[PDB]
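Structure record follows, encoded as structure tokens.
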Amino acid sequence: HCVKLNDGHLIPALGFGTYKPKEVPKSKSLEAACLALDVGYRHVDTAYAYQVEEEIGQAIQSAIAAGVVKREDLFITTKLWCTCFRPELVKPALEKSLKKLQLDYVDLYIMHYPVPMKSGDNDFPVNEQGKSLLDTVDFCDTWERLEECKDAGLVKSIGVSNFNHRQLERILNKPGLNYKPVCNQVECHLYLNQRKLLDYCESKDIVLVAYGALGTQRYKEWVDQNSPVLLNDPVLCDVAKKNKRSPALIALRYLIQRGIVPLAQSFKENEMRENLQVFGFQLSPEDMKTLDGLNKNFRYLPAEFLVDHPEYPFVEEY
């Protein structure tokens, strides 16, 4: 199951996410990527800023060396981080990611955010008060260098992450645009269903890719009864029981049926295998409408480290 991108390439309709919490040893990301490949994932989404590209690359090479997959069978995404948005730094940042990944090209390379930060080795440069050290780079200038990377054959498709409507319009309307973004990767789940941004993206043939697809599971959310937890939602539970699937699978299927490509994040074989079963059932029109009703516009990943920049993406309505 794939989704057609606006440049003719195809993206598998479910991806494997590789975000790694800081406390987790990086070797566990290597293990999880090998397991995901064995389970049957072919779309692997990573990012320079997750600091596990080397592990993901080693997993891929080990699976290729084992003969279980060929490179052409895989769809690999990585991301340009905020500290590398200066135009002269873009192609070298991709080349470094490719070296770490042990790849000659990626299938998809995306701007991680629309906001640039001070260049340098620290991914989260800060002043003595902890405020982010920000830059003045127009993301349209960064975009021109991603286009150059595509023309150089280092990446098949290019896109963005965490852009709002106004920012997508800036790219689409920029003078001398060569390639439209193929995707906008954003937080998206039953509690932040992204209807408005989705409808815009559909109108421009931009695919919405979802991270954080199961909402927050942080301790504080479970303790405060007033703060709803998506995986504990009683309406979701009713739909899950009706369809004889888990709440998590309902939550992922909801996104798939709206044309969104979710990234399923897990270190556990059983969950990896369950999530891949999302193509084995369909939600009815009534159930989709019930699930639409869960939206709360709860953004759990607001990227507060970017809030002081004029291009902070999340204050605007969409």
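Numbering of chain A is taken from Swiss-Prot, so the residues present carry the numbers 6-323, in order.
The header says X-ray crystallography, 1.1 Å.
Yeah, the Cβs are placed from backbone N, Cα and C, and that goes for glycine too.
Feature annotations, reproduced from Swiss-Prot:
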BINDING   20-24, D50, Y55, 166-167, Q190, 216-224, 270-280  NAD(+) binding site
ACT_SITE  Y55  active site, proton donor
SITE      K84  site 'Lowers pKa of active site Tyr'
BINDING   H117  substrate binding site
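All chains included, 21 other C-beta atoms sit within 10 angstroms of the C-beta of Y55 (active site, proton donor).
Taking the C-alpha atom of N275 (NAD(+) binding site) as reference, the shortest distance to any of the recorded positions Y55, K84, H117 belongs to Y55. Between the alpha carbons (Cα) of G20 (NAD(+) binding site) and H117 (substrate binding site) lies a span of roughly 17 Å. Take the binding-site residues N167, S271: by the count of other Cβ atoms within 10 Å of each Cβ, the lowest one is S271. Counting only same-chain residues at least 6 apart in sequence, those with a Cβ under 8 Å from the Cβ of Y24 (NAD(+) binding site) are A52, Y55, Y216, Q270.
For the recorded positions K84, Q222, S271, a Cα to Cα distance of within 10 angstroms from the residue listed as 'substrate binding site' holds for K84. For the recorded site, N167 (NAD(+) binding site), the DSSP three-state label reads coil.
Under DSSP, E279 (NAD(+) binding site) is assigned to a helix (H, G or I) in the three-state scheme. Annotated pair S271 (NAD(+) binding site) and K84 (site 'Lowers pKa of active site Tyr'), C-alpha to C-alpha distance, rounded: 20 Å.
Taken residue by residue with DSSP, the residue listed as 'active site, proton donor' is part of a helix.
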